2 protein chains.
Amino acid sequence: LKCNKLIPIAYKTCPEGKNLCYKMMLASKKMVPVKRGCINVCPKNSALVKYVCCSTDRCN
Amino acid sequence: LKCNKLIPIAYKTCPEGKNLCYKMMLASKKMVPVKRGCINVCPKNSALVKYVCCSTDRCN
């Protein structure tokens, strides 16, 4: 699918096995995103590094 | 992991192998939750049914 990059005015198309989109935010205040892309599996949240996944074109 | 239920005033703890929280919504106009729970993997999005996964207590 199509997934947004850090500055989401741009997006990438995903390699096979990259069936998911995701956000990577730092708890440091309020979820400032620090990574955005295509993922295979939705990553588990750390105390400060949060992941939020979706499967629709440029949703992240 | 603690995940919210359909009516979010409630939440449930998840079994093992069920490491992420998720919201299941209908695309039919406003984005409306039809399911909420604990899950294995983040489910891929259908035309009409989207899913957003997270992993922090009661993030769904």
# chains A, B, ... in the order shown; residues from 1 in each chain; ligands from 1
$ closest_atom_pairs --of "segment 26-60 of chain B" --to "segment 12-16 of chain B" --cutoff "9 Å" --atoms "only C-alpha atoms" --output "tab-separated table"
residue	atom	partner	partner_atom	distance
B:37	CA	B:12	CA	7.8
B:38	CA	B:14	CA	5.7
B:39	CA	B:14	CA	8.1
B:40	CA	B:16	CA	8.8
B:57	CA	B:13	CA	8.8
B:58	CA	B:12	CA	8.8
$ closest_atom_pairs --of "chain B" --to "chain A" --cutoff "9 Å" --atoms "only C-alpha atoms" --output "JSON lines"
{"residue": "B:19", "atom": "CA", "partner": "A:44", "partner_atom": "CA", "distance": 7.5}
{"residue": "B:20", "atom": "CA", "partner": "A:44", "partner_atom": "CA", "distance": 7.2}
{"residue": "B:41", "atom": "CA", "partner": "A:41", "partner_atom": "CA", "distance": 7.0}
{"residue": "B:42", "atom": "CA", "partner": "A:42", "partner_atom": "CA", "distance": 6.4}
{"residue": "B:43", "atom": "CA", "partner": "A:55", "partner_atom": "CA", "distance": 7.7}
{"residue": "B:44", "atom": "CA", "partner": "A:55", "partner_atom": "CA", "distance": 5.2}
{"residue": "B:45", "atom": "CA", "partner": "A:55", "partner_atom": "CA", "distance": 5.0}
{"residue": "B:46", "atom": "CA", "partner": "A:56", "partner_atom": "CA", "distance": 8.3}
{"residue": "B:47", "atom": "CA", "partner": "A:56", "partner_atom": "CA", "distance": 8.6}
{"residue": "B:50", "atom": "CA", "partner": "A:55", "partner_atom": "CA", "distance": 7.1}
{"residue": "B:51", "atom": "CA", "partner": "A:54", "partner_atom": "CA", "distance": 6.0}
{"residue": "B:52", "atom": "CA", "partner": "A:54", "partner_atom": "CA", "distance": 4.8}
{"residue": "B:53", "atom": "CA", "partner": "A:53", "partner_atom": "CA", "distance": 5.2}
{"residue": "B:54", "atom": "CA", "partner": "A:52", "partner_atom": "CA", "distance": 4.8}
{"residue": "B:55", "atom": "CA", "partner": "A:45", "partner_atom": "CA", "distance": 5.3}
{"residue": "B:56", "atom": "CA", "partner": "A:45", "partner_atom": "CA", "distance": 6.3}
$ select_by_dssp --residues "chain B" --states "strand (DSSP E)" --output "list in words"
residues 2, 3, 4, 11, 12, 13, 20, 21, 22, 23, 24, 25, 26, 32, 33, 34, 35, 36, 37, 38, 39, 49, 50, 51, 52, 53 and 54 of chain B
$ write_last_selection --atoms "N, CA and C atoms" --output "short mmCIF file (atom, residue, chain, number, x, y, z; two decimals), in the first residue's frame"
data_model
loop_
_atom_site.label_atom_id
_atom_site.label_comp_id
_atom_site.auth_asym_id
_atom_site.auth_seq_id
_atom_site.Cartn_x
_atom_site.Cartn_y
_atom_site.Cartn_z
N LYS B 2 -3.55 -3.93 28.92
CA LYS B 2 -4.94 -3.55 29.17
C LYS B 2 -5.46 -2.83 27.91
N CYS B 3 -6.57 -3.34 27.42
CA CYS B 3 -7.23 -2.82 26.24
C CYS B 3 -8.70 -2.50 26.54
N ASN B 4 -9.15 -1.41 25.96
CA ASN B 4 -10.52 -0.91 26.10
C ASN B 4 -11.48 -1.86 25.37
N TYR B 11 -12.52 -1.85 30.06
CA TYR B 11 -11.28 -2.37 29.55
C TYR B 11 -11.04 -3.78 30.12
N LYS B 12 -10.24 -4.52 29.40
CA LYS B 12 -9.87 -5.90 29.75
C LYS B 12 -8.37 -6.13 29.60
N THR B 13 -7.87 -7.06 30.40
CA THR B 13 -6.41 -7.38 30.33
C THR B 13 -6.35 -8.48 29.26
N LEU B 20 -1.30 -6.70 21.41
CA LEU B 20 -1.58 -5.28 20.95
C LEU B 20 -3.09 -5.08 21.12
N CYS B 21 -3.46 -3.82 21.19
CA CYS B 21 -4.84 -3.33 21.34
C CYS B 21 -5.29 -2.98 19.90
N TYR B 22 -6.57 -2.91 19.65
CA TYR B 22 -7.07 -2.59 18.32
C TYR B 22 -8.51 -2.08 18.36
N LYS B 23 -8.79 -1.27 17.37
CA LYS B 23 -10.10 -0.62 17.13
C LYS B 23 -10.51 -1.08 15.73
N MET B 24 -11.72 -1.54 15.56
CA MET B 24 -12.24 -2.01 14.26
C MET B 24 -13.37 -1.06 13.87
N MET B 25 -13.15 -0.25 12.85
CA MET B 25 -14.16 0.71 12.39
C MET B 25 -14.61 0.56 10.94
N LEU B 26 -15.87 0.91 10.79
CA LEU B 26 -16.65 0.90 9.55
C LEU B 26 -16.35 2.22 8.85
N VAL B 32 -16.58 4.56 12.63
CA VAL B 32 -17.29 4.10 13.83
C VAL B 32 -16.82 2.70 14.23
N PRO B 33 -16.48 2.63 15.50
CA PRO B 33 -15.99 1.38 16.11
C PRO B 33 -17.12 0.38 16.19
N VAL B 34 -16.78 -0.81 15.77
CA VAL B 34 -17.70 -1.97 15.73
C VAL B 34 -17.15 -3.11 16.56
N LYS B 35 -15.89 -3.00 16.91
CA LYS B 35 -15.15 -3.97 17.72
C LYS B 35 -13.93 -3.26 18.33
N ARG B 36 -13.54 -3.75 19.48
CA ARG B 36 -12.41 -3.24 20.26
C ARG B 36 -11.89 -4.39 21.13
N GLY B 37 -10.58 -4.58 21.17
CA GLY B 37 -10.05 -5.67 21.99
C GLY B 37 -8.57 -5.85 22.06
N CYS B 38 -8.19 -7.10 22.25
CA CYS B 38 -6.80 -7.57 22.35
C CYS B 38 -6.61 -8.43 21.08
N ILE B 39 -5.38 -8.44 20.63
CA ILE B 39 -5.08 -9.22 19.42
C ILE B 39 -3.59 -9.51 19.29
N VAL B 49 -13.70 -1.92 6.02
CA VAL B 49 -13.31 -2.10 7.44
C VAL B 49 -11.81 -1.97 7.63
N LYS B 50 -11.54 -0.92 8.40
CA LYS B 50 -10.22 -0.49 8.81
C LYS B 50 -9.95 -0.92 10.25
N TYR B 51 -8.68 -0.94 10.61
CA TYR B 51 -8.18 -1.31 11.91
C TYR B 51 -6.95 -0.45 12.25
N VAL B 52 -6.89 -0.01 13.48
CA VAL B 52 -5.74 0.83 13.95
C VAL B 52 -5.31 0.07 15.22
N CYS B 53 -4.02 -0.21 15.30
CA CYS B 53 -3.47 -0.94 16.45
C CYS B 53 -2.51 -0.06 17.22
N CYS B 54 -2.43 -0.35 18.51
CA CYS B 54 -1.52 0.41 19.43
C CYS B 54 -1.12 -0.53 20.53
#
$ atom_distance --atom1 "atom CA of residue 27 of chain A" --atom2 "atom CA of residue 31 of chain B"
25.6 Å
